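Taking it in order: structure first as structure tokens, then the write-up.
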Amino acid sequence: XXXXXXXXXXXXXXXXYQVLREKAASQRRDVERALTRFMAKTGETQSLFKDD
Amino acid sequence: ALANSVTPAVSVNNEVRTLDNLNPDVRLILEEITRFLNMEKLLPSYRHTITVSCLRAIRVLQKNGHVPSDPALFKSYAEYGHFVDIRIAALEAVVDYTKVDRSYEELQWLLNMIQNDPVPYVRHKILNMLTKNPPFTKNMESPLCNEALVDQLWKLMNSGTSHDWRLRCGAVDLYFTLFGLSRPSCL
């Protein structure tokens with residue numbers, strides 16, 4: 001079969017349930033902290049310590 | 001629940017002051033509450049109720065000495081153009097600040113704003129939970145109410161309080177708690 005016949009490649013299952021929703025929720029946390037850092041250094045800023 | 005992750009005993013000697021960027025799980029809690037404060041600055045969902053619980057959390061963090069005992073955040077949330085509930089929780093917070101910490105100046109500010117603001121219900125709740133949670137507690141007078149604070153308080157019972165009945169009723173409650181049935185040990 002290694003020369004004559006052929007096959008088909010789908011190649012991406014990735015269906016690991018808890019791992020999937022870990023990916024999604026971790027990404028949501030990322031976008032949270034990203035926009036936080038952005039408007040953090042963007043707008044009027046007051047701190048918790050001095051100069052953070 | 002994170003506010004009820006009360007950890008009083010990290011700073012053994014002096015760790016208040018950006019020293020560890022104080023550590024370690026406290027910082028994670030700080031990350032989450034910082035997130036939610038800026039989310040409700042952006043999203044805001046329903047009365048800034050999240051922001052309210054956050055402000056209570058930040059004060060309880062000051063009551064364990066991790067973010068230092070500084071009112072200027074809460075002061076910047078006792079301002080005019082916010083919601084009531086934000087403002088009302090900031091006032092509860094800064095009242096306990098002036099309870100345990102001995103800030104004379106912000107007490108003076110507080111009484112000046114009891115005099116001066118348009119909203120009634122903040123004056124109502126300032127005086128209510130000021131009396132529920134007092135500084136200057138009677139016959140325990142280390143922060144020296146006898147100097148001129150009795151004077152201005154007597155004034156605010158008399159003056160500046162013919163707006164409403166209940167404001168001077170609260171001032172009656174103030175003199176009930178602070179030095180009730182007597183001379184205040186002035187003269």
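Ordering of the structure tokens sets the chain letters (A, B, ...); residue numbers start at 1 within each chain; ligands are numbered from 1 in the order shown.
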Please check the contacts: residues of chain A at most 7 Å away from chain B, using only C-alpha atoms, listed as a short mmCIF file (atom, residue, chain, number, x, y, z; two decimals) with C-alpha atoms, in the first residue's frame.
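Here's the written file out-v1.cif:
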```cif
data_model
loop_
_atom_site.label_atom_id
_atom_site.label_comp_id
_atom_site.auth_asym_id
_atom_site.auth_seq_id
_atom_site.Cartn_x
_atom_site.Cartn_y
_atom_site.Cartn_z
CA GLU A 32 -9.15 40.11 31.30
CA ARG A 33 -5.65 40.85 32.49
CA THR A 36 -6.71 45.56 32.61
CA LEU A 48 -2.29 50.29 46.12
CA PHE A 49 1.29 50.79 47.17
#
```
Q: Just list the residues in chain A DSSP gives alpha helix (DSSP H) on the backbone, as a list in words.
A: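 Listing alpha helix (DSSP H) positions across chain A yields residues 17, 18, 19, 20, 21, 22, 23, 24, 25, 26, 27, 28, 29, 30, 31, 32, 33, 34, 35, 36, 37, 38, 39, 40, 41 and 42 of chain A.
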Q: Have a look at atom CA of residue B:180 and atom CA of residue B:90 and let me know their distance in Å, one decimal.
A: 27.6 Å
Q.
I'd like the contact shell of residue B:107 - 7 Å cut-off, only C-alpha atoms, skipping same-chain residues fewer than 4 positions apart - returned as an NGL selection string.
A. :B and (98 or 103 or 111)
Just the selected residues (C-alpha atoms), exported as a PDB file, in the first residue's frame, please.
```
ATOM      1  CA  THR B  98     -10.736  56.490  61.455  1.00  0.00           C
ATOM      2  CA  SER B 103      -6.598  59.977  61.401  1.00  0.00           C
ATOM      3  CA  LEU B 111     -17.772  65.938  59.450  1.00  0.00           C
TER       4      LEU B 111
END
```
Q) Near residue B:7, within 9 Å and counting only C-alpha atoms, which residues show up once chain neighbours fewer than 4 positions away are dropped, as a PyMOL selection string? A) chain B and resi 26+61+64+66
Q: Using only C-alpha atoms, pick whichever of B:186, B:145, B:126, B:1 has the shortest atom-to-atom distance to residue B:171.
A: B:126
Q | Between atom CA of residue B:52 and atom CA of residue A:44 - distance in Å to one decimal | A |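 Spanning atom CA of residue A:44 to atom CA of residue B:52 is a straight-line distance of 19.7 Å.
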